[PDB]
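Only one structure is covered here, and it is reproduced in the block below.
What follows is calculated from the coordinates using simple rules that are stated; it is not laboratory data. Cβ atoms come from the backbone with ideal geometry, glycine included; neighbour counts cover every protein chain shown.
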Amino acid sequence: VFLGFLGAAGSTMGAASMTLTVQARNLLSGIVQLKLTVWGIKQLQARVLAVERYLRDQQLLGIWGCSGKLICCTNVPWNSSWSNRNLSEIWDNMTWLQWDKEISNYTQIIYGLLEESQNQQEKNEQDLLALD
Amino acid sequence: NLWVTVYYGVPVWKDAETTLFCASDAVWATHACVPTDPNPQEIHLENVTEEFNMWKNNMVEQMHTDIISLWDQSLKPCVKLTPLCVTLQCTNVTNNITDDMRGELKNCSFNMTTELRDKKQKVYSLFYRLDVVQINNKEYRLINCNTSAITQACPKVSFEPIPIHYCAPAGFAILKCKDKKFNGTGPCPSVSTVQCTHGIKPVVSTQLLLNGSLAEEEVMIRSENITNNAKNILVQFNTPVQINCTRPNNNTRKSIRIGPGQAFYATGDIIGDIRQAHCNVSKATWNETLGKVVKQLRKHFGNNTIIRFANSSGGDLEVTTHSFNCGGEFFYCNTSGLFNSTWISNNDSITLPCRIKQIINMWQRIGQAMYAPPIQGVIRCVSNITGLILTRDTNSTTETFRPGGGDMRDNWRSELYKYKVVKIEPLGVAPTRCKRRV
Amino acid sequence: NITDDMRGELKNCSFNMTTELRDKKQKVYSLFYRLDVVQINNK
Ligand SMILES: *[C@@H]1O[C@H](CO)[C@@H](O[C@@H]2O[C@H](CO)[C@@H](O[C@@H]3O[C@H](CO[C@H]4O[C@H](CO)[C@@H](O)[C@H](O)[C@@H]4O)[C@@H](O)[C@H](O[C@H]4O[C@H](CO)[C@@H](O)[C@H](O)[C@@H]4O)[C@@H]3O)[C@H](O)[C@H]2NC(C)=O)[C@H](O)[C@H]1NC(C)=O
Ligand SMILES: *[C@@H]1O[C@H](CO)[C@@H](O[C@@H]2O[C@H](CO)[C@@H](O[C@@H]3O[C@H](CO)[C@@H](O)[C@H](O)[C@@H]3O)[C@H](O)[C@H]2NC(C)=O)[C@H](O)[C@H]1NC(C)=O
Ligand SMILES: *[C@@H]1O[C@H](CO)[C@@H](O[C@@H]2O[C@H](CO)[C@@H](O[C@@H]3O[C@H](CO)[C@@H](O)[C@H](O)[C@@H]3O)[C@H](O)[C@H]2NC(C)=O)[C@H](O)[C@H]1NC(C)=O
Ligand SMILES: *[C@@H]1O[C@H](CO)[C@@H](O[C@@H]2O[C@H](CO)[C@@H](O[C@@H]3O[C@H](CO)[C@@H](O)[C@H](O)[C@@H]3O)[C@H](O)[C@H]2NC(C)=O)[C@H](O)[C@H]1NC(C)=O
Ligand SMILES: *[C@@H]1O[C@H](CO)[C@@H](O[C@@H]2O[C@H](CO)[C@@H](O[C@@H]3O[C@H](CO)[C@@H](O)[C@H](O)[C@@H]3O)[C@H](O)[C@H]2NC(C)=O)[C@H](O)[C@H]1NC(C)=O
Ligand SMILES: *[C@@H]1O[C@H](CO)[C@@H](O[C@@H]2O[C@H](CO)[C@@H](O[C@@H]3O[C@H](CO)[C@@H](O)[C@H](O)[C@@H]3O)[C@H](O)[C@H]2NC(C)=O)[C@H](O)[C@H]1NC(C)=O
Ligand SMILES: *[C@@H]1O[C@H](CO)[C@@H](O[C@@H]2O[C@H](CO)[C@@H](O[C@@H]3O[C@H](CO)[C@@H](O)[C@H](O)[C@@H]3O)[C@H](O)[C@H]2NC(C)=O)[C@H](O)[C@H]1NC(C)=O
Ligand SMILES: *[C@@H]1O[C@H](CO)[C@@H](O[C@@H]2O[C@H](CO)[C@@H](O[C@@H]3O[C@H](CO)[C@@H](O)[C@H](O)[C@@H]3O)[C@H](O)[C@H]2NC(C)=O)[C@H](O)[C@H]1NC(C)=O
Ligand SMILES: *[C@@H]1O[C@H](CO)[C@@H](O[C@@H]2O[C@H](CO)[C@@H](O[C@@H]3O[C@H](CO)[C@@H](O)[C@H](O)[C@@H]3O)[C@H](O)[C@H]2NC(C)=O)[C@H](O)[C@H]1NC(C)=O
Ligand SMILES: *[C@@H]1O[C@H](CO)[C@@H](O[C@@H]2O[C@H](CO)[C@@H](O)[C@H](O)[C@H]2NC(C)=O)[C@H](O)[C@H]1NC(C)=O
Ligand SMILES: *[C@@H]1O[C@H](CO)[C@@H](O[C@@H]2O[C@H](CO)[C@@H](O)[C@H](O)[C@H]2NC(C)=O)[C@H](O)[C@H]1NC(C)=O
Ligand SMILES: *[C@@H]1O[C@H](CO)[C@@H](O[C@@H]2O[C@H](CO)[C@@H](O)[C@H](O)[C@H]2NC(C)=O)[C@H](O)[C@H]1NC(C)=O
Ligand SMILES: *[C@@H]1O[C@H](CO)[C@@H](O[C@@H]2O[C@H](CO)[C@@H](O)[C@H](O)[C@H]2NC(C)=O)[C@H](O)[C@H]1NC(C)=O
Ligand SMILES: *[C@@H]1O[C@H](CO)[C@@H](O[C@@H]2O[C@H](CO)[C@@H](O)[C@H](O)[C@H]2NC(C)=O)[C@H](O)[C@H]1NC(C)=O
Ligand SMILES: *[C@@H]1O[C@H](CO)[C@@H](O[C@@H]2O[C@H](CO)[C@@H](O)[C@H](O)[C@H]2NC(C)=O)[C@H](O)[C@H]1NC(C)=O
Ligand SMILES: *[C@@H]1O[C@H](CO)[C@@H](O)[C@H](O)[C@H]1NC(C)=O
Ligand SMILES: *[C@@H]1O[C@H](CO)[C@@H](O)[C@H](O)[C@H]1NC(C)=O
Ligand SMILES: *[C@@H]1O[C@H](CO)[C@@H](O)[C@H](O)[C@H]1NC(C)=O
């Protein structure tokens with residue numbers, strides 16, 4: 001069922017995952033459509049910042065070997081120190097906003113391993129499987 | 001065991017400021033602006049709650065400075081009135097004897113430089129005594145000439161407030177609470193979101209708020225700090241209070257070619273119903289609404305206190321009286337006729353005397369000034385009073401309140417409190433039972 | 001200070017200056033360095 005932009009924002013993370021694309025589209029949006037003038041360089045600046053805003057994180061997903069995004073798995077195990085809750089305590093009983101409230105503390109820390117571990121090791125390995 | 005799983009398109013956001021841009025339909029300053037959608041979208045968000053804070057909402061700051069920028073840009077390509085700064089030879093104007101009008105204008109004459117830079121021309125024009133001042137018939141001076149230069153507003157451009165919509169760029173969301181209750185800040189049980197804001201007219205006024213939005217339920221009292229009388233109070237009405245203001249002067253525009261090339265619009269002659277401009281207010285309506293306001297006040301000060309209303313502390317006319325624009329003309333009205341009452345412990349119509357100025361200073365800004373051209377013919381208009389800008393004045397019962405203003409960011413804030421801007425963060429991660437194979 | 005070690009270097013110049021009252025002018029004065037000004041053609 002089509003809910004609308006951010007229509008699942010007020011639901012559990014499990015439920016919300018159903019309709020990530022409805023949001024995804026408008027993360028970059030597009031369209032929009034005497035010189036200078038007020039707004040003359042503001043629509044300019046804003047529309048630019050939108051593009052940068054998008055790609056800055058998209059590239060990270062490019063690095064984190066997935067690309068086929070919205071959702072993908074890794075080979076990095078979850079450290080229990082990063083909010084030790086059960087799946088039903090998390091996915092079936094918590095919104096994404098509530099999630100960030102806690103996990104945001106380890107953002108860069110987790111990014112470390114995502115930015116690396118697998119990306120490093122998945123490769124070489126393959127290069128070696130190509131030996132024969 | 002659980003693993004790190006990567007998610008994208010996550011419905012989360014952080015409070016953040018970015019560069020907003022306008023939209024409005026397809027006069028004032030708006031043309032270079034993206035047309036609005038024929039179907040503005042929205043969506044109520046269920047289970048979503050969070051805090052608002054109108055007192056730190058930087059949307060106001062941007063809007064304020066943007067409007068200022070627009071103002072200047074609309075004047076640069078217009079005619080400068082630099083050579084008007086000359087000694088004026090002025091005399092009283094014999095209005096219908098004896099003297100009810102008090103003159104208020106002088107039949108000034110002066111040697112003016114014309115298109116023929118060389119031979120000058122003795123001309124005349126009617127000026128308000130609020131615009132000119134005696135030097136040292138008698139000699140007079142345009143008041144602006146002691147502070148800065150003055151520019152004539154183009155006769156083609158208008159000042160009619162036009163509904164403007166604000167939009168955020170992709171990655172940013174416009175959040176809008178629909179909660180009819182709001183203290184000025186805190187959590188809202190009922191939050192929605194929109195593509196863009198509703199049309200807001202850039203109405204400049206002091207003391208009284210005009211042509212704004214209406215409140216639901218009861219009268220709304222909002223203040224950064226009610227107990228702190230160094231702050232002020234925003235009052236939003238529930239029902240439009242009609243005010244009808246008139247300038248009964250079918251006057252002409254003896255335009256004078258003080259070139260070269262560029263033309264000046266002087267004041268011709270004043271004929272017709274020589275009465276002072278004034279405003280008409282429905283008295284019973286005012287009394288009724290004021291009472292509703294006092295009810296609120298009772299609710300934040302006690303069920304055994306006394307409420308008195310009075311005029312300002314005086315001083316700068318711009319703050320002392322109610323200033324507003326109608327059709328290009330600038331009015332200054334004595335709101336003592338409104339703000340003069342009291343309430344205990346637990347037609348009819350009102351006439352408000354007004355004055356007309358032609359030299360004005362916007363947004364408390366010094367260093368420049370703008371000359372309003374006289375508008376030909378009788379000028380009369382009507383608007384909706386939709387709120388008050390009040391200030392809080394042996395402190396155990398009787399309290400006195402009075403009208404203020406000055407800082408016009410207050411006006412924008414009186415509307416934008418319904419909105420806030422947040423930055424979406426699409427990228428998130430979470431623990432999920434999944435080990436990824438090659 | 002007599003006699004003359006400073007060599008002057010500045011002149012006590014005066015002139016009919018246009019003021020805010022574009023019309024009646026005002027005789028004023030100002031000290032200028034002789035590196036800034038040059039004789040035309042007191043002088
Ligand atoms: C503030 O300015 C506004 C305009 O901006 C003025 O608005 C007027 O307000 C009054 C009160 O609401 C309106 O008067 C009422 O109009 C009714 C209809 O009038 C028109 O239609 C009739 C036929 O139906 C014509 O005869 C008439 O010429 C109009 O064309 C009348 O039906 C009403 O009459 C009844 O009430 C009056 C008393 O108010 C009685 O005398 C009658 O006998 C009868 O019982 C009434 O006149 C008026 O129409 C509004 N004008 C407009 C433009 O909408 C406010 O008056 C003004 N306030 C100030 C202080 O000036
Ligand atoms: C908004 O939050 C409310 C809770 O505050 C969520 O309410 C849940 O709504 C659904 C739909 O009405 C209910 O699900 C239905 O429950 C019955 C019985 O359990 C089951 O037979 C149906 O198959 C269905 O699941 C759910 O019980 C109800 N929860 C509670 C606490 O009453 C709603 O889901 C929230 N919306 C968002 C987008 O998260
Ligand atoms: C511009 O208007 C001014 C008045 O606002 C006119 O001023 C007049 O200027 C002349 C020249 O300076 C004055 O004339 C001289 O007066 C003295 C004494 O009366 C007399 O001795 C001289 O022979 C000579 O006439 C005149 O008095 C002065 N008027 C006043 C009111 O001060 C000026 O003429 C105007 N210019 C134009 C083009 O009309
Ligand atoms: C305001 O001052 C102006 C001058 O700055 C006065 O202008 C005078 O206005 C009257 C009416 O337009 C003119 O009178 C008419 O002149 C013609 C020709 O001389 C004559 O045929 C008519 O019988 C009539 O008198 C008068 O000439 C004009 N003066 C000039 C200098 O143009 C006006 O009177 C002043 N108003 C006040 C209340 O004093
Ligand atoms: C709302 O703003 C008002 C004023 O802007 C704040 O009032 C201030 O409240 C404190 C606590 O009652 C007063 O501090 C006390 O003052 C006495 C004398 O100066 C001193 O002896 C104490 O050590 C203490 O500092 C303060 O004077 C009072 N200010 C005024 C103008 O009366 C109130 O705190 C504000 N509320 C919010 C939430 O910030
Ligand atoms: C608002 O209305 C009040 C009256 O309700 C006006 O009060 C007047 O305020 C001025 C300034 O404080 C007082 O003027 C001063 O009076 C003393 C003595 O007469 C004199 O020595 C000073 O030179 C000066 O004029 C005035 O007396 C006071 N009136 C009364 C009745 O107390 C105030 O002017 C009003 N504001 C507006 C914008 O009209
Ligand atoms: C706004 O309108 C009010 C009337 O609605 C005007 O009130 C007048 O205010 C002045 C200053 O408070 C009063 O003048 C003082 O009166 C006493 C006694 O007559 C005299 O002793 C003082 O020397 C001084 O003149 C005046 O009486 C008062 N008028 C009435 C009807 O109470 C006020 O002037 C208005 N403001 C504007 C800008 O016109
Ligand atoms: C501005 O300063 C200049 C000097 O730097 C003043 O010049 C004076 O101008 C008047 C008018 O051109 C001259 O007066 C005429 O002189 C002749 C001969 O002395 C006499 O025949 C006439 O009756 C008349 O007085 C005057 O000589 C000249 N001074 C010099 C030094 O050349 C001018 O007056 C100043 N303006 C202001 C407003 O003070
Ligand atoms: C530089 O030239 C200026 C004029 O451009 C000369 O100005 C003169 O300065 C003196 C000292 O400030 C003034 O003298 C005083 O005048 C008052 C009133 O006349 C008198 O009460 C005092 O006893 C004293 O004399 C003089 O008036 C002023 N002149 C003018 C035109 O304002 C200054 O003297 C020049 N310096 C050199 C080294 O020549
Ligand atoms: C999970 O990450 C935490 C840090 O977030 C690691 O914590 C270390 O734990 C050991 C054992 O208690 C201590 O010696 C270290 O000093 C802790 N580090 C800090 C920052 O407190 C823990 O090692 C991590 N587990 C995995 C498997 O790497
Ligand atoms: C113009 O008329 C005004 C009155 O409308 C006169 O005002 C007088 O001005 C003098 C100087 O300021 C005061 O001494 C008087 O008290 C003022 N009268 C009043 C009623 O306030 C002024 O004199 C008039 N000018 C002409 C040339 O007659
Ligand atoms: C610039 O002119 C204004 C008047 O146009 C002068 O304002 C006066 O300022 C003093 C001091 O604040 C007040 O006593 C007067 O009441 C003011 N007059 C008015 C009309 O408000 C100001 O003094 C002038 N500046 C210069 C340098 O002369
Ligand atoms: C004054 O505000 C009132 C709202 O209280 C406006 O009322 C609208 O009036 C027109 C004409 O009768 C109707 O078409 C609308 O449906 C009314 N709105 C509602 C909420 O009832 C009126 O437009 C306002 N006037 C000004 C000049 O804006
Ligand atoms: C002031 O007194 C009034 C009654 O005169 C109180 O009114 C109550 O207000 C609350 C909030 O609106 C309602 O829940 C009650 O039902 C009202 N009572 C009645 C009689 O209507 C109000 O509580 C009083 N304020 C103070 C501080 O005590
Ligand atoms: C303030 O408004 C009151 C009415 O609310 C005015 O009261 C008048 O006051 C004078 C002096 O006491 C009396 O002559 C009148 O009869 C009073 N009117 C009534 C309705 O009682 C008072 O004039 C107002 N003040 C201002 C400055 O306008
Ligand atoms: C994990 O959930 C189980 C029930 O599924 C519960 O027994 C245990 O308490 C939970 N974890 C936490 C930290 O309590
Ligand atoms: C995250 O840690 C910061 C201090 O680094 C702290 O202020 C905040 O409370 C922490 N959040 C969690 C959920 O403990
Ligand atoms: C306003 O009406 C209230 C009663 O609702 C009354 O107490 C007060 O006297 C009224 N004011 C006017 C001017 O009649």
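Structure values in brief
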| read-out | value |
| --- | --- |
| Any hit, region B:222-241, residues being among the hydrophobic types (A, V, I, L, M, F, W, C), more than 16 Å from ligand 16 (Cβ to nearest atom), assigned to a loop (DSSP other than H, G, I, E, B) and more than 14 Å from chain C (Cβ to nearest Cβ) | yes |
| From B:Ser282, B:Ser205, B:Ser223, B:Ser255, residue being of a type outside the set (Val, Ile, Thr) and in contact with a helix residue (DSSP H, G or I) (Cβ under 8 Å, 6 or more places away or on another chain) | B:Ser205 |
| Region B:4-18 residues that are more than 8 Å from chain A (Cβ to nearest Cβ) and farther than 15 Å from A:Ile103 by Cβ, paired with ones that are among the aromatic types (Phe, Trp, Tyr) and buried (at least 21 other Cβ atoms within 10 Å of the Cβ) (beta carbon under 8 Å, 6 or more apart) | B:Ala16/B:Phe172 |
| Condition check for B:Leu175: assigned to a strand (DSSP E or B), more than 30 Å from B:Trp13 (Cα to Cα) and touching a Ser or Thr at 6+ places or on another chain (Cβ under 7 Å) | no |
| Strands (runs of 3 or more DSSP E) wholly inside region B:75-158 containing at least 3 residues that are within 22 Å of B:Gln376 (Cβ to Cβ) | B:105-112, B:121-128, B:150-152 |
| Among (1) in a loop (DSSP other than H, G, I, E, B); (2) at positive phi - the single one B:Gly186 does not satisfy | (1) |
| Sole exception among (1) surrounded by 15 or more Cβ atoms within 10 Å (Cβ to Cβ); (2) touching a strand residue (DSSP E or B) at 6+ places or on another chain (Cβ under 7 Å) for B:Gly186, by number | (1) |
| Residue in region A:105-125 that is at the interface with another protein chain (Cβ under 7 Å from one of its Cβ atoms), hydrophobic (A, V, I, L, M, F, W, C), touching a helix residue (DSSP H, G or I) at 6+ places or on another chain (Cβ under 7 Å) and crowded, with 16+ Cβ neighbours inside 10 Å present | no |
| Every residue from region A:17-61 that is buried (at least 16 other Cβ atoms within 10 Å of the Cβ) and among the basic types (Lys, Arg) | A:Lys42, A:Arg47, A:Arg53 |
| Long-range neighbours under 6 Å by Cβ, at least six apart or interchain, first residue within 8 Å of another protein chain (Cβ to nearest Cβ) within region A:76-96, second crowded, with 16+ Cβ neighbours inside 10 Å and assigned to a strand (DSSP E or B) | A:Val76/B:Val4; A:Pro77/B:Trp3; A:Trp78/B:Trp3; A:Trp78/B:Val4; A:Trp78/B:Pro431 |
| Some residue of region B:57-70 being more than 14 Å from chain A (Cβ to nearest Cβ), away from ligand 15 (no atom under 16 Å from the Cβ), of a type in the set (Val, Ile, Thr) and crowded, with 16+ Cβ neighbours inside 10 Å | yes |
| Neighbours by Cβ (under 6 Å, 6+ apart or cross-chain): first from region A:8-36, farther than 24 Å from A:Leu55 by Cβ and more than 7 Å from chain B (Cβ to nearest Cβ); second away from ligand 13 (no atom under 16 Å from the Cβ) and β-branched (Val, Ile, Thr) | none |
| Some residue of region B:262-279 being of a type in the set (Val, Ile, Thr), in contact with a strand residue (DSSP E or B) (Cβ under 9 Å, 6 or more places away or on another chain), over 18 Å from B:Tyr128 (Cβ atoms) and assigned to a loop (DSSP other than H, G, I, E, B) | no |
| Single residue of B:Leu20, B:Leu81, B:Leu105, B:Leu45 found to be surrounded by 14 or more Cβ atoms within 10 Å (Cβ to Cβ), in contact with a strand residue (DSSP E or B) (Cβ under 9 Å, 6 or more places away or on another chain), of a type in the set (A, V, I, L, M, F, W, C) and within 30 Å of A:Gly62 (Cα to Cα) | B:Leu20 |
